[PDB]
Amino acid sequence: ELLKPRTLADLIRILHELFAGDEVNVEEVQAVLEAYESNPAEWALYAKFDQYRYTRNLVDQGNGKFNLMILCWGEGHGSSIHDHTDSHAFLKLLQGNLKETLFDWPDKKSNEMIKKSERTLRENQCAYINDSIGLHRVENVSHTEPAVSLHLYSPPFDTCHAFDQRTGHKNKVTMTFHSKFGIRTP
Ligand SMILES: [Fe+3]
C-alpha cells in the first residue's frame, strides 16, 4: 500500500519496505519518489557542491538492495554518457532542472553516437532508466541555477562505463562519494 511520503525520512522508510524483497516494482518506486514533495530543509545536509563538477552524496545505504544518493550539479555541470551496470536507476529532481539525453548502445563498429531523444526533467519529476532502455547523459544546462537530484540504484553499484560520443568506445570508471550521511569523505 503506497502512501504519500511526508518527508525525506518517510520516503526512506517507504523505500526500505518497497525493497524488502528480491524484485522491484519500478512503477511503484517511481510513483512514491515522484510523490515526495522536495523540501530543501530536509536534504540540505546532503547538498554539498563542488565548484568544478557534480558531486555524489550518499543518503542511505538501503538494505543491501539499493543505494540512495543526492547529486549536486553546479551551473553547466554534466555527466558522461553512462550505463547503469545492470541496475535500476531512478532520478528525481529536488531542485532545478536537468537535461537527459538518451543514446542506444553502440555497435562494435566505431561510429558517432547519435542521440535518440532528449527531455527536460523538472523539479519533483522522477525518471527511470536501465540498460535495456539505453544509455544516457544527464546535464545541468542552466547558467544561473544549480540542480539537485535524488538517485536510487538497485542493486547498488560503484562502477559503470563512460562512452565516447565520437566512437562509442567505453571505459570503466569507478564512482566515488563526495560525502556519506552528511559527512564529507575526501
Ligand atoms: Fe545515470
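One-based numbering, in listed order, for ligands and for the atoms of each. Numbering of residues begins at 1 and proceeds along the displayed sequence.
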Check your understanding: So with a 6.0 Å cut-off around CD of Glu112, is the heavy-atom count from everything else above 12?
Key -> yes

Practice item. Go through the structure and list residues passing side chain to side chain donor-acceptor pair (under 3.5 Å) with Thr55, not counting sequence neighbours. Key: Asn57

Exercise for review: Quick one: name the protein N/O/S atoms under 2.8 Å from the Fe ion (ligand 1), chain by chain.
Suggested key: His84 NE2, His136 NE2

Point to revise | Apart from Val173 itself, residues in the same hydrophobic cluster as defined by side-chain heavy atoms under 4.5 Å | key: none

Check your understanding: When rounded to the nearest 0.5 angstrom, what is the spacing between NZ in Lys48 and CD1 in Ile183?
Key -> 6.5 Å

Revision key, fill the gap. Using a 4.5 Å side-chain heavy-atom cut-off and chaining through intermediate ILVMFWY residues, the residues clustered with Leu121 come out as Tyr54, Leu58, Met69, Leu71, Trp73, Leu91, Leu93, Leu98, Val138, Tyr153, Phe157, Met175, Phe177, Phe181

Point to revise | salt bridge (charged side-chain N to carboxylate O under 4.0 Å, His left out), paired with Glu100, selected from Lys115, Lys116, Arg119, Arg122 | key: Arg119

